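Report on one structure; see the data block that follows.
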Amino acid sequence: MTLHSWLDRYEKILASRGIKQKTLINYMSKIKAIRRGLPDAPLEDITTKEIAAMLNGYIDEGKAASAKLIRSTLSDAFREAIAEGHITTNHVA
(Lines give C-alpha, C1' and ligand atoms only; values in the text may rest on other atoms or scores of the structure.)
Protein backbone atom coordinates (compact mmCIF):
# COMPACT_ATOMS: atom_id res chain seq x y z
CA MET A 1 0.00 0.00 0.00
CA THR A 2 1.53 3.22 -1.17
CA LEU A 3 0.51 6.67 -0.03
CA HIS A 4 -1.35 7.93 -3.11
CA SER A 5 -3.27 4.61 -3.33
CA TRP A 6 -4.12 4.94 0.39
CA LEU A 7 -5.31 8.58 -0.07
CA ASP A 8 -7.65 7.25 -2.80
CA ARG A 9 -9.11 4.85 -0.21
CA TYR A 10 -9.12 7.49 2.51
CA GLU A 11 -11.28 9.82 0.34
CA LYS A 12 -13.89 7.05 0.36
CA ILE A 13 -13.75 6.65 4.10
CA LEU A 14 -14.27 10.45 4.41
CA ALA A 15 -17.26 10.29 2.01
CA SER A 16 -18.94 7.67 4.28
CA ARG A 17 -18.29 9.58 7.53
CA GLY A 18 -21.19 11.97 7.00
CA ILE A 19 -19.24 15.25 7.13
CA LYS A 20 -20.75 18.66 6.34
CA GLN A 21 -20.27 19.67 2.70
CA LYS A 22 -17.95 22.69 3.38
CA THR A 23 -15.80 20.59 5.70
CA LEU A 24 -15.42 17.69 3.23
CA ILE A 25 -14.32 20.06 0.45
CA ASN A 26 -11.63 21.44 2.77
CA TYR A 27 -10.55 17.90 3.69
CA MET A 28 -10.33 16.88 -0.02
CA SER A 29 -8.20 19.98 -0.85
CA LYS A 30 -5.76 19.08 1.93
CA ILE A 31 -5.54 15.50 0.61
CA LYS A 32 -4.60 17.07 -2.77
CA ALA A 33 -1.91 19.11 -0.97
CA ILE A 34 -0.57 15.83 0.54
CA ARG A 35 -0.46 14.08 -2.91
CA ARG A 36 1.43 17.05 -4.31
CA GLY A 37 3.67 17.26 -1.25
CA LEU A 38 4.67 13.59 -0.70
CA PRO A 39 5.71 10.72 -3.06
CA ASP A 40 3.57 7.67 -3.98
CA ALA A 41 5.70 5.53 -1.70
CA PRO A 42 4.93 2.51 0.58
CA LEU A 43 3.40 3.90 3.77
CA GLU A 44 6.37 2.80 5.97
CA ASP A 45 8.80 4.60 3.62
CA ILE A 46 7.27 8.07 4.22
CA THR A 47 9.70 9.75 6.59
CA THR A 48 9.51 12.31 9.36
CA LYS A 49 11.87 14.37 7.29
CA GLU A 50 9.70 14.39 4.17
CA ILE A 51 6.55 15.20 6.25
CA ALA A 52 8.41 18.10 7.94
CA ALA A 53 9.65 19.46 4.60
CA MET A 54 6.10 19.58 3.17
CA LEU A 55 4.63 21.16 6.30
CA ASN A 56 7.53 23.70 6.66
CA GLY A 57 6.89 25.09 3.14
CA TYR A 58 3.48 26.22 4.43
CA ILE A 59 4.77 27.35 7.88
CA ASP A 60 7.64 29.42 6.35
CA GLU A 61 5.17 31.37 4.24
CA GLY A 62 2.76 32.12 7.08
CA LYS A 63 0.24 29.50 6.08
CA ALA A 64 -0.58 28.40 9.67
CA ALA A 65 -4.15 27.10 9.32
CA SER A 66 -3.06 25.09 6.23
CA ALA A 67 -0.01 23.46 7.89
CA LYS A 68 -2.17 22.51 10.94
CA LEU A 69 -4.91 20.94 8.84
CA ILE A 70 -2.56 19.15 6.40
CA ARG A 71 -0.78 17.63 9.35
CA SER A 72 -4.08 16.65 11.05
CA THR A 73 -5.46 15.15 7.83
CA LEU A 74 -2.35 13.09 7.20
CA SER A 75 -2.35 11.87 10.79
CA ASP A 76 -5.95 10.73 10.53
CA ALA A 77 -5.20 9.03 7.14
CA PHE A 78 -2.32 7.15 8.80
CA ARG A 79 -4.72 6.14 11.71
CA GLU A 80 -7.19 4.71 9.15
CA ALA A 81 -4.37 2.80 7.45
CA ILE A 82 -3.49 1.34 10.90
CA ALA A 83 -7.13 0.28 11.36
CA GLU A 84 -6.97 -1.41 7.93
CA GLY A 85 -3.70 -3.19 8.74
CA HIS A 86 -1.25 -1.51 6.40
CA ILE A 87 1.01 0.00 9.07
CA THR A 88 1.33 -0.42 12.80
CA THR A 89 2.28 3.09 13.92
CA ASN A 90 1.60 6.76 13.06
CA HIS A 91 4.59 8.75 11.77
CA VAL A 92 2.87 12.15 11.68
CA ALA A 93 3.61 11.76 15.37
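Chain lettering (A, B, ...) mirrors the order of the C-alpha coordinates, residue numbering begins at 1 for each chain separately, and ligand numbering begins at 1 in order of display.
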
Within 10 Å of residue 44 (chain A), counting only C-alpha atoms, which residues show up once you throw out same-chain ones fewer than 6 positions away? Write them as a count of residues only, please. 9

List every residue of chain A that DSSP, applied to the backbone of this structure, places in alpha helix (DSSP H), and write the result as a PyMOL selection string. chain A and resi 3-17+21-37+48-60+64-83

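Closest approach to residue 7 (chain A) from the set A:69, A:52, A:78, A:61 is made by A:78, with distances taken over only C-alpha atoms.
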
If we count only C-alpha atoms and set the cut-off at 10 Å, which residues sit around residue 11 (chain A), ignoring sequence neighbours fewer than 3 positions away in its own chain? Please answer as a count of residues only. 11

Could you pull the residues within 10 Å of region 54-59 of chain A, counting only C-alpha atoms, minus those fewer than 6 positions along the same chain, as a PyMOL selection string? chain A and resi 33-34+36-38+65-71

By how many Å are CA of residue 21 (chain A) and CA of residue 73 (chain A) apart? 16.3 Å

Considering only C-alpha atoms, can you say which of A:13, A:82, A:51, A:74 comes closest to residue 30 (chain A)? A:74

Please measure the separation of CA of residue 9 (chain A) and CA of residue 32 (chain A), giving the value in Å to one decimal.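 So the two atoms, CA of residue 9 (chain A) and CA of residue 32 (chain A), lie 13.3 Å apart.
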
Top pick for closest residue to residue 5 (chain A), considering A:83, A:25, A:19, A:43 and counting only C-alpha atoms: A:43
